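S.K.: This one is input.csv, CSV, N, CA and C atoms.
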```
chain,number,residue,atom,x,y,z
A,462,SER,N,-11.3,1.9,-18.9
A,462,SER,CA,-10.2,1.0,-19.0
A,462,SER,C,-8.8,1.6,-19.0
A,463,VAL,N,-8.7,2.8,-19.7
A,463,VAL,CA,-7.4,3.5,-19.7
A,463,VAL,C,-6.9,3.8,-18.3
A,464,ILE,N,-7.8,4.5,-17.5
A,464,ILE,CA,-7.4,4.9,-16.2
A,464,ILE,C,-7.2,3.7,-15.3
A,465,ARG,N,-8.1,2.7,-15.5
A,465,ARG,CA,-8.1,1.4,-14.8
A,465,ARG,C,-6.8,0.7,-15.0
A,466,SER,N,-6.3,0.8,-16.2
A,466,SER,CA,-5.0,0.1,-16.6
A,466,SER,C,-3.9,0.9,-15.9
A,467,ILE,N,-3.9,2.2,-16.0
A,467,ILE,CA,-2.7,3.0,-15.5
A,467,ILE,C,-2.6,2.8,-14.0
A,468,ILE,N,-3.7,2.9,-13.2
A,468,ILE,CA,-3.6,2.8,-11.8
A,468,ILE,C,-3.2,1.4,-11.4
A,469,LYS,N,-3.7,0.4,-12.1
A,469,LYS,CA,-3.3,-1.0,-11.9
A,469,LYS,C,-1.8,-1.1,-12.2
A,470,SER,N,-1.3,-0.3,-13.1
A,470,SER,CA,0.1,-0.4,-13.5
A,470,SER,C,0.9,0.6,-12.6
A,471,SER,N,0.2,1.4,-11.8
A,471,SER,CA,0.9,2.2,-10.8
A,471,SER,C,1.4,1.4,-9.7
A,472,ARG,N,2.7,1.1,-9.7
A,472,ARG,CA,3.3,0.2,-8.7
A,472,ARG,C,3.7,1.0,-7.4
A,473,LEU,N,2.6,1.4,-6.8
A,473,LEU,CA,2.7,2.2,-5.5
A,473,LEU,C,1.6,1.8,-4.6
A,474,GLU,N,0.4,2.0,-5.0
A,474,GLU,CA,-0.8,1.8,-4.2
A,474,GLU,C,-1.3,0.4,-4.5
A,475,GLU,N,-1.2,-0.5,-3.5
A,475,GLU,CA,-1.7,-1.9,-3.7
A,475,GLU,C,-3.2,-1.9,-3.6
A,476,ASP,N,-3.7,-1.9,-2.3
A,476,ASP,CA,-5.1,-2.0,-2.1
A,476,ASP,C,-5.8,-0.7,-2.6
A,477,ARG,N,-5.0,0.4,-2.6
A,477,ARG,CA,-5.6,1.6,-3.1
A,477,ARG,C,-5.8,1.6,-4.6
A,478,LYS,N,-4.9,1.0,-5.4
A,478,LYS,CA,-5.2,0.9,-6.9
A,478,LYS,C,-6.3,-0.1,-7.1
A,479,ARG,N,-6.4,-1.1,-6.2
A,479,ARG,CA,-7.5,-2.1,-6.3
A,479,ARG,C,-8.9,-1.3,-6.0
A,480,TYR,N,-8.8,-0.6,-4.9
A,480,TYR,CA,-10.0,0.2,-4.5
A,480,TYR,C,-10.4,1.3,-5.5
A,481,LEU,N,-9.4,2.0,-5.9
A,481,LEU,CA,-9.5,3.1,-6.9
A,481,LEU,C,-10.0,2.5,-8.2
A,482,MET,N,-9.6,1.3,-8.4
A,482,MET,CA,-10.1,0.6,-9.7
A,482,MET,C,-11.6,0.4,-9.7
A,483,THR,N,-12.1,-0.2,-8.6
A,483,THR,CA,-13.6,-0.3,-8.5
A,483,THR,C,-14.3,1.0,-8.4
A,484,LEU,N,-13.6,2.0,-8.0
A,484,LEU,CA,-14.1,3.4,-8.0
A,484,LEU,C,-14.1,4.0,-9.4
A,485,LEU,N,-12.9,4.1,-10.0
A,485,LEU,CA,-12.8,4.7,-11.3
A,485,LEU,C,-13.5,4.0,-12.4
A,486,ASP,N,-13.5,2.6,-12.3
A,486,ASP,CA,-14.2,1.8,-13.3
A,486,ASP,C,-15.7,2.1,-13.3
A,487,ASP,N,-16.2,2.7,-12.1
A,487,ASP,CA,-17.6,3.0,-12.0
A,487,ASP,C,-17.7,4.5,-12.4
A,488,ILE,N,-16.6,5.2,-12.4
A,488,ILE,CA,-16.7,6.6,-12.9
A,488,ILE,C,-17.0,6.7,-14.4
A,489,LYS,N,-18.2,7.1,-14.7
A,489,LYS,CA,-18.7,7.2,-16.1
A,489,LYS,C,-18.5,8.5,-16.7
A,490,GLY,N,-17.5,9.2,-16.3
A,490,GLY,CA,-17.1,10.5,-16.8
A,490,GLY,C,-15.7,10.5,-17.4
A,491,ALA,N,-15.5,10.5,-18.7
A,491,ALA,CA,-14.2,10.4,-19.3
A,491,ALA,C,-13.3,11.5,-18.9
A,492,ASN,N,-13.9,12.7,-18.9
A,492,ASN,CA,-13.1,13.9,-18.5
A,492,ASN,C,-12.6,13.8,-17.0
A,493,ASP,N,-13.5,13.4,-16.2
A,493,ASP,CA,-13.2,13.3,-14.7
A,493,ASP,C,-12.2,12.2,-14.5
A,494,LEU,N,-12.3,11.1,-15.2
A,494,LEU,CA,-11.3,10.1,-15.2
A,494,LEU,C,-9.9,10.6,-15.6
A,495,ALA,N,-9.9,11.3,-16.7
A,495,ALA,CA,-8.6,11.9,-17.1
A,495,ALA,C,-8.0,12.7,-16.1
A,496,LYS,N,-8.8,13.5,-15.4
A,496,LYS,CA,-8.4,14.4,-14.3
A,496,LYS,C,-7.8,13.6,-13.1
A,497,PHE,N,-8.5,12.5,-12.8
A,497,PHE,CA,-8.1,11.6,-11.7
A,497,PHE,C,-6.7,10.9,-12.1
A,498,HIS,N,-6.5,10.8,-13.4
A,498,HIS,CA,-5.3,10.1,-13.9
A,498,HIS,C,-4.2,11.1,-13.8
A,499,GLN,N,-4.4,12.3,-14.4
A,499,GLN,CA,-3.4,13.4,-14.3
A,499,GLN,C,-3.1,13.6,-12.8
A,500,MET,N,-4.1,13.5,-12.0
A,500,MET,CA,-4.0,13.7,-10.5
A,500,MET,C,-2.9,12.8,-10.0
A,501,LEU,N,-3.1,11.5,-9.9
A,501,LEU,CA,-2.2,10.6,-9.3
A,501,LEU,C,-0.9,10.5,-10.0
A,502,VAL,N,-0.9,10.6,-11.3
A,502,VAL,CA,0.3,10.5,-12.1
A,502,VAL,C,1.2,11.7,-11.9
A,503,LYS,N,0.7,12.8,-11.6
A,503,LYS,CA,1.4,14.0,-11.2
A,503,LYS,C,1.8,14.0,-9.7
A,504,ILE,N,1.0,13.2,-8.9
A,504,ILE,CA,1.4,13.0,-7.5
A,504,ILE,C,2.7,12.3,-7.4
A,505,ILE,N,2.9,11.2,-8.3
A,505,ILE,CA,4.1,10.4,-8.3
A,505,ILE,C,5.2,11.0,-9.2
```
For the file at hand, write its structure as structure tokens.
M.R.:
Amino acid sequence: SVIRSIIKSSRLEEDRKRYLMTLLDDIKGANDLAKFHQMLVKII
């Protein structure tokens, strides 16, 4: 939910936050999620 919320709150990727939502929501790894979060949030 944490990462799911941030990407959904990421006002840049429309369909990509939607797509990445159904992806990350399925990501059952807390550490890997955090890395994906650090990833895109450092991208922007």
S.K.: Quick one: residues within 8 Å of residue 486 in chain A, all atoms listed in the file counted, chain neighbours fewer than 4 positions away excluded, as a list in words?
M.R.: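 Here the answer would be residues 462, 464, 465, 480, 481, 482 and 490 of chain A.
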S.K.: What does the distance from CA of residue 489 in chain A to CA of residue 470 in chain A come to in Å, to one decimal?
M.R.: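 Interatomic distance, CA of residue 489 in chain A to CA of residue 470 in chain A: 20.4 Å.
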S.K.: Please return as a ChimeraX atom specification: the residues of chain A that backbone DSSP assigns to alpha helix (DSSP H).
M.R.: /A:463-470,475-485,491-504
S.K.: Rounded to one decimal in Å, what is the spacing between CA of residue 504 in chain A and CA of residue 474 in chain A?
M.R.: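 CA of residue 474 in chain A lies at a distance of 11.9 Å from CA of residue 504 in chain A.
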S.K.: Report, in Å with one decimal, the straight-line distance from CA of residue 478 in chain A to atom C of residue 466 in chain A.
M.R.: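 So the two atoms, CA of residue 478 in chain A and atom C of residue 466 in chain A, lie 9.1 Å apart.
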S.K.: In terms of the shortest atom-to-atom distance over only C-alpha atoms, which of A:484, A:463, A:479, A:473 is closest to residue 498 in chain A?
M.R.: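 Selected residue with least distance to residue 498 in chain A: A:463.
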